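A.B. asks: Build the 3D model from these lines:
(8 chains)
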8 protein chains.
Amino acid sequence: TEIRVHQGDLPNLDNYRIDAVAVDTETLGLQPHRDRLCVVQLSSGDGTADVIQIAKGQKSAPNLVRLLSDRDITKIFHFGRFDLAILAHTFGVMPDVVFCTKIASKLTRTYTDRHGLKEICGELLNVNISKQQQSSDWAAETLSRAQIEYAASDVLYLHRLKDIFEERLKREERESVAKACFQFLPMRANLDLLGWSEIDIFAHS
Amino acid sequence: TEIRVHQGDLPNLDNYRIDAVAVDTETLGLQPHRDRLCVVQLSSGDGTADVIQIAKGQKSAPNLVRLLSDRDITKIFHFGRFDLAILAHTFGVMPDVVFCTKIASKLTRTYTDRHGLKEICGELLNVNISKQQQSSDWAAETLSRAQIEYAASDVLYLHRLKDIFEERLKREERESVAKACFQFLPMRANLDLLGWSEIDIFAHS
Amino acid sequence: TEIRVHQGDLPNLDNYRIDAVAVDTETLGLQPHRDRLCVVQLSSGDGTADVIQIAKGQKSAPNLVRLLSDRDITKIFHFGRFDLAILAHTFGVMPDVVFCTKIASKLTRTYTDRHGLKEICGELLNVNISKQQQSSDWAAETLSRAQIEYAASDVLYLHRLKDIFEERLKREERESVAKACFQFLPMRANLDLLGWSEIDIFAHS
Amino acid sequence: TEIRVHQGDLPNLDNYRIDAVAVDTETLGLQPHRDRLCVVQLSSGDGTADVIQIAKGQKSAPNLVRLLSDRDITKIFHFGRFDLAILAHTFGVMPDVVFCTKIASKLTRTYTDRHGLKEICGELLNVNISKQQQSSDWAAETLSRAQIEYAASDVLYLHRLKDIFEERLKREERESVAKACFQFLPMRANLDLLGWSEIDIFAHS
Amino acid sequence: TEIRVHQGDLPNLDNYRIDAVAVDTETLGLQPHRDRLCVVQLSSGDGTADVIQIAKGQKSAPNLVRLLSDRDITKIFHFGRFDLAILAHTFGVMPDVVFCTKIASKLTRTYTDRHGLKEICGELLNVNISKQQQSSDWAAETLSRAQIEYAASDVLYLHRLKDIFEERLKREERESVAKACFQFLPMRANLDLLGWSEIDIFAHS
Amino acid sequence: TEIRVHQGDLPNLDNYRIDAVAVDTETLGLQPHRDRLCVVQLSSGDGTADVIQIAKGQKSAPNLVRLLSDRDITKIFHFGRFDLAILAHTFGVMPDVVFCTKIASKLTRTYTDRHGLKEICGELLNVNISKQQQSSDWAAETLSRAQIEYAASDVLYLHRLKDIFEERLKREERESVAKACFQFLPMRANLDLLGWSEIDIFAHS
Amino acid sequence: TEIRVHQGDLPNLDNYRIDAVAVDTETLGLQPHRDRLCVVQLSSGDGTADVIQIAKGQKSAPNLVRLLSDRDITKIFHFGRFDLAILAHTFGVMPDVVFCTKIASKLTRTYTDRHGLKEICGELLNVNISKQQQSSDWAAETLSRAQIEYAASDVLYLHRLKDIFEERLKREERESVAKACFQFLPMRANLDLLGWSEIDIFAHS
Amino acid sequence: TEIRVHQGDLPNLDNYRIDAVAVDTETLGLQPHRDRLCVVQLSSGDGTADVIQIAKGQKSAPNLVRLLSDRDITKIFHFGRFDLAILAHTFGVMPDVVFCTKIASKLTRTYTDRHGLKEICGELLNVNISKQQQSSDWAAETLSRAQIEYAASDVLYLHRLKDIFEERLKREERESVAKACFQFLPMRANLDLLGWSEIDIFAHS
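C.D. replies: Residues are numbered from 1 along each chain as shown, chains lettered A, B, ... in the order given. The relevant structure is shown in the block below.
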């Protein structure tokens, strides 16, 4: 593998002249108002990944923000509801072209109730994701090798999942449903930032 | 007030050359695959209402459906998540320009947890709606006077609520939030028809 | 109203040469092995009722048992699951031609979740049943007038509900589903007596 | 083990001139209106199995349906409440002569609260069923070897279970209870198809 | 009615040379280690009552304790599990000849799930007890007249209830069960004082 | 009752040269980051009240904040945990000399589980506060007379409650407990503002 | 581990002229009215056991019942609440001199919440009991060797536990509490048989 | 290791002329009024520990208590809410300079929901603490070697955790929050002793 570790921002976009980029984040917790962004992960799908450490109080990441803002590049997330919220809270730019593998899983893997990334990777690809480092100090000044390898491991497979999920969505005739869900997902994240994170806004009660 | 009761369909659209129409339905229950549409209510906001009795097995209602599919007319519902589902299930056309007073309530009446139509009308307009007839035989060949008056009372006030809620949404600066939620609402109803009625598609679990 | 009160048994069957008889019971509680049968109520639907006081330890009631065993007469209950159980446990005869207004309500009154007899009588007939005496000492040697009037009131109206429910079951094309449920109801009662009263035998868990 | 895989239908019924056939299904999920039938597996009890792939949108399987309809042949299921529902929804024929190992287990294996197929096969036969493939993509164009072997594994042992459960029902004198439950099971499945899937129709609440 | 109010203790036992005495207490709450005894009420059953105010830090009440210790007098309580605990904690004497109307109700009023004193008095005697003052400041130096009348109302009817419950226990042949329960009740109270107040010591879990 | 309504701030502190001031607030909801402070209520205990309307986006109120910052004046709240949070969030000043009647009630009224202000006022003073207006649009440009009267009602009685609670805390010897709770209360409110509003920080789980 | 297996009853009590006997039962389930007693195991504490197979419908076991009735012999159970109930229901003799290791554990092992026999034997004696056979067909005409060894394992250690628990009860000064609980235990079992198996007779609700 | 085991008290404080001491206790359970203190574990942070057995009824341990009350020495606990309560209940002295690793975890390890000592030690130091002996008979006159090694293991690592948590609290800017929580912790423990152990005193309900 190749994992390029950076401080603050990508040096340039030379490796990202592509149609879709897999994106993930790591934070200090589940509450964007309390838990700061610590890591941003990117991959072009070529089997390598970039891991960008975000400093405390960092307000800008121009190359990263260009990627997040570019409407011609689909950002692939797993449970993007969270990542979109924390990214918008941190850098002030809300992505609007997204694909979420968790929503896709809920729309296609109807034969199971386990939609976590580990189960998806195990079932669809026979790839073992190790989650031991998921609960670790992502704010450490120097990330461990195990942390760096885990962070890259979270983004290395999202392209293959998107390909398979697009096949399943086409087969079961949910393409327009999925497209509408992804179109609404950024606004669901915005509602999370504004204070309705514990509320299903569409529920009767 | 004036309540016009019809069999099958509106006679014409002479009374509905307006910018927005309030819409409600009555059914045999909460499950569209089991519980047929029995009554459709409409109002232009002029203090009169149309109550349309729908026959068993009726597949077509051209004037009503013509109104429902006119993209230049906003359809106002209370808890449109249900009504959109049953309308699309019955006539095969899903409206795509809607306003829902319950979503608006959840976005503006943040000081209460009661978002039912009775509580909203009581608080916002000091109008008392009596719900006694809500659980009644809406499939009766001849509706009683009490049933007809309840059905009209369900649609007579939605225009005034839309006006007030639009004022509140602009005042608290959540207009674009409401717009995005309303834009997504028809697909949420479609998801209900397809089999996800008990699932919040954006939740982690 | 006319209420004929008897000790032990009917004097004869002169008043019960009919197609259907409404039957109900009162007991000391919900557990047939602990709570003894105290009252049996009967009515032909002609506005009169028979109330039969059962003695402690009484094992036989030949006229009552002849009615309960007579396959040519349908026995109408409300929540017959219990009444069938207590009747079979007391007299050793399980009726097998029955109609239950609770099953019929659950199959037809799909627009509400309140299926008790008080609510059914209120909604279908505008008749007010008072339940204050439901929890009383039914084993008293002398029943009070309020007790006797309530006991008769439990059976005076089951014919009118059966007639209406039969109309609704025909209307929604659920006649065979209800008929099969009524056919199975006695074995559900036997399962209750044998010890599965707290178990839904068809559930996954 | 020989497992014969067919497309669409059996070529003939030469292997099924028997008094009882074990039947199971696999689907895309628990909701018959959304999740199509994908595989049907049968066995005569001779240690071999037939695995029939059902195509998307397939409406007919004349040989299979003739087998399912033959009243001289008892159909053995595990949790037939589901299989009967999905079979009737897909091919339009409701089997009416059935034996269910889950009902039998609940009526005889009263010393445990675990009635899943894994526990029954483990306790009664010391046979290890591996369920890893239960949650898999059963709609795949080509089934995997693991999928095929699991699907066959779900019918290979049902005859021996039926024999033992029949022994237990005779020993504990519960034969007529079980018979009435099995006679009613197809109507429970029909009720399931009609929209009462979440309701125990006999419960007080 | 006649209510004699005393400070600290009875002046003498001239009114309590009787076979059975009704006893009740009031405290500052449900936790004997935190909530001190404030009032003790007594009655000979003649329609009059004694209300004894207990002082802060009071360790002795010789005449009252003489009454509580005399094994030839049955002490009648409602929910004696609590009163025994608070009395033993306060005066160091655990009564051992008791009758509890709550246990008697649970052993006899099997036709209801409402075993409060208000409901019992309403059903068995048609006497209306008003509980508004049940939750009040019982530590006041001078009790209000409404408080005193409530306190007397708690003891005025326990003799009549004991007579009726003894009739019911004889009628349903449960006297020896009740007797064993009453003998164990003081040890249940001791278990409460020792720290097992939240544990059913006889439960499986 | 004299109620002075002001915009933005008190005109001066001529009426608040006192040793304790009753304070309460009204907002658009329970979430300080989403629901803005709308009204501040004050009372000197002289039977008059001041109601201060806070504008949207208002960042300063020098006279009010000077009063809130003054360590020689105890601020009396009911459920100050919330009021302290919203006040500190709005004006940037956290009061540090406080008394909370709800904590005091939980430390003294151990005989009840109802600690709301309405319930407290009913029990201790026999004064009926009507809360119908508690859930209303507090951000309206012009408050109704009923709203203003309710708002004054939430501060008019806190002094009298404080006097009674101080007597009870002295009587039951819990003064130092209450003092320590009040000393931590501002930090509990800060913890709420920082993101632990749903976490009991001292619980084991 | 000498294990003597008998049909119907012990031949005599020649091996049981001792002061205390360990007793445990096996049944078809938890409900004495439905599930019959299948096996009774006894031990004198000398490291050997007797396993007595009870036939369906067996009403008499004179030597065994003689042992159960001998008031000079303490019967040791684990969770005797169940065993006493099923023994009394089956043979008509209610033991009245008992020791229960579960009550003793709840009164002594206050540092844990896991009181099952496996955990007690593991912690207190470092002896491993294997519970695999607990859920098995105890009504088999011939028990397997594994069943026999498990059944003996249930009684082989109860004497040592009784010795240690008696030491702990003396040490912690809880002997009279335990004695009262053991004295009450037979009536708790009788209450289970009479129909209160789901009711805590001493609870407020 | 160098675990020194003592009866009753430390011989002197010659080894404890230090700025911070790790403290941990072992009891018979979670309820200080019932379950006595059995062991106190101390460490200077030098990799050695002192394990002090406390005798039944012992009220004094002057050298240990002198250390506990020396305000120039911070006492480090894990979940001091419990330890402080049992120490104060046993010896009558409440420490007032404390650090709690559970509060520190809840304020810093926001990326996990597991705050037990085992999980903290595993994550922060990669040290495996085995908790098998946590639930054991701590009142034995002679503790086993396994008990002694576990007891020392609970205190051997608290200094290293305090050092890391102090680094995290400074880095994340939460020192004044933690300081206020630690200042309130002794009053939370006092509240536990007084009877509010099950009440979060700051909650709305």
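A.B. asks: Going along the chain, name the strands of chain A.
C.D. replies: A:2-7, A:20-27, A:37-43, A:48-53, A:74-77, A:98-100 (DSSP state E).
A.B. asks: Minimum distance to residue G:139: which of the ones you listed has it?
C.D. replies: Among the strands of chain A, strand A:98-100 comes nearest to residue G:139, with 55.0 Å by C-beta to C-beta. Any C-beta I mention is one placed from the backbone N, CA and C, and that applies to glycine too.
A.B. asks: Helices of chain A, residue ranges please.
C.D. replies: A:62-69, A:80-91, A:101-108, A:117-125, A:145-155, A:158-171, A:175-194 (DSSP state H).
A.B. asks: Which positions in chain A make contact with chain D?
C.D. replies: A:109, A:110, A:111, A:112, A:114, A:123, A:168, A:171, A:172 (C-beta under 8 Å from any C-beta of the partner chain).
A.B. asks: Now do the contacts for the closest residue to the first one other than its chain neighbours.
C.D. replies: Of all residues not flanking residue A:109 in the chain, residue A:115 sits nearest, at 6.7 Å (C-beta to C-beta, 6 or more residues apart in numbering or on different chains). Residue A:115 makes contact with A:102, A:105, A:106, A:109, B:205 under the criterion C-beta atoms under 8 Å, 6 or more residues apart in numbering or on different chains.
A.B. asks: likewise residue A:130?
C.D. replies: Residues near residue A:130 by C-beta under 8 Å, 6+ apart: A:150, A:153.
A.B. asks: got it, and the one 5 residues further on?
C.D. replies: Contact partners of residue A:135, counting by C-beta under 8 Å, 6+ apart, are H:111, H:112, H:114, H:123.
A.B. asks: what's the closest of those residues to chain G?
C.D. replies: Using C-beta to the nearest C-beta, residue H:114 comes nearest to chain G of the contacts of residue A:135, at 19.4 Å.
A.B. asks: Now do the contacts for the closest one.
C.D. replies: Contacts of residue H:114 (C-beta under 8 Å, 6+ apart): residue A:135.
A.B. asks: That one and residue B:110, how far apart?
C.D. replies: Using C-beta to C-beta, to the nearest Å, residue H:114 is found at 34 Å from residue B:110.
A.B. asks: can you check residue A:188 too?
C.D. replies: Distance, residue A:188 to residue B:110, by C-beta to C-beta: 18 Å.
A.B. asks: When these two are compared, which one has more neighbours?
C.D. replies: residue A:188 (23 against 20; other C-beta atoms under 10 Å in any protein chain shown).
A.B. asks: Now the more buried one. Nearest residue, chain neighbours left out?
C.D. replies: residue B:202 (5.0 Å).
A.B. asks: ok, now residue A:69?
C.D. replies: Nearest residue to residue A:69 in three dimensions, chain neighbours excluded: residue A:93, at 5.2 Å (C-beta to C-beta, 6+ apart).
A.B. asks: That neighbour reaches residue A:64, doesn't it?
C.D. replies: No - assessed by C-beta atoms under 8 Å, residue A:93 is found out of contact with residue A:64, at 9.3 Å.
A.B. asks: which of these two has more neighbours?
C.D. replies: residue A:64 (23 against 14).
A.B. asks: ok, for residue A:110, nearest residue in space, not its chain neighbours?
C.D. replies: Nearest residue to residue A:110 in three dimensions, chain neighbours excluded: residue D:29, at 3.9 Å (C-beta to C-beta, 6+ apart).
A.B. asks: Chain C versus the one you found, what's the distance?
C.D. replies: Using C-beta to the nearest C-beta, to the nearest Å, residue D:29 is found at 14 Å from chain C.
A.B. asks: Let me see the contact set for residue A:103.
C.D. replies: If you count contacts by C-beta under 8 Å, 6+ apart, then residue A:103 has A:178, A:181, A:182, A:185, B:201, B:202 around it.
A.B. asks: Revised request: answer the last question for residue A:109.
C.D. replies: If you count contacts by C-beta under 8 Å, 6+ apart, residue A:109 has them with A:115, A:120, A:123, A:168, D:137.
A.B. asks: now that we have the residues you listed, which one has the most neighbours?
C.D. replies: Those, ranked by neighbours (other C-beta under 10 Å): first place residue A:120, 24 neighbours.
A.B. asks: picking up where we left off before, would you mind putting the contacts of residue A:109 into a markdown table with distance to residue E:141 alongside?
C.D. replies: As requested, the contacts of residue A:109 are exported to a markdown table (distance: C-beta to C-beta, whole Å):
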| residue | distance to residue E:141 |
| --- | --- |
| A:115 | 65 |
| A:120 | 71 |
| A:123 | 74 |
| A:168 | 77 |
| D:137 | 78 |
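A.B. asks: and which of the residues you listed is nearest residue A:45?
C.D. replies: Among the contacts of residue A:109, and counting by C-beta to C-beta, the member closest to residue A:45 is residue A:120, at 17.0 Å.
A.B. asks: got the contact list for residue A:117?
C.D. replies: A:78, A:101, A:129, A:154.
A.B. asks: who wins for proximity to chain B among the strands of chain A?
C.D. replies: Using C-beta to the nearest C-beta, these put strand A:98-100 closest to chain B, at 9.0 Å.
A.B. asks: what comes into contact with that closest one?
C.D. replies: A:20, A:74-81, A:84, A:162, A:181-182, A:185-186.
A.B. asks: Next, give me the two most distant ones among these.
C.D. replies: A:20 and A:81 (18.9 Å).
A.B. asks: Who has more neighbours out of those two?
C.D. replies: residue A:81 (21 against 17).
A.B. asks: In contact with that one, which residues are there?
C.D. replies: By C-beta under 8 Å, 6+ apart, the residues touching residue A:81 are A:100, A:185, A:188, A:189, A:192, B:202, B:204.
A.B. asks: Reformat those as JSON lines; add distance to residue E:15.
C.D. replies: Shown next, in JSON lines, are the contacts of residue A:81 (distance: C-beta to C-beta, whole Å):
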{"residue": "A:100", "distance to residue E:15": "81"}
{"residue": "A:185", "distance to residue E:15": "80"}
{"residue": "A:188", "distance to residue E:15": "75"}
{"residue": "A:189", "distance to residue E:15": "77"}
{"residue": "A:192", "distance to residue E:15": "72"}
{"residue": "B:202", "distance to residue E:15": "73"}
{"residue": "B:204", "distance to residue E:15": "70"}
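A.B. asks: Can you select the buried ones from the residues you listed in ChimeraX?
C.D. replies: For anyone working in ChimeraX, the buried entries among those, judged by 16 or more other C-beta atoms under 10 Å in any protein chain shown, can be selected with:
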select /A:100,185,188,189,192 /B:202
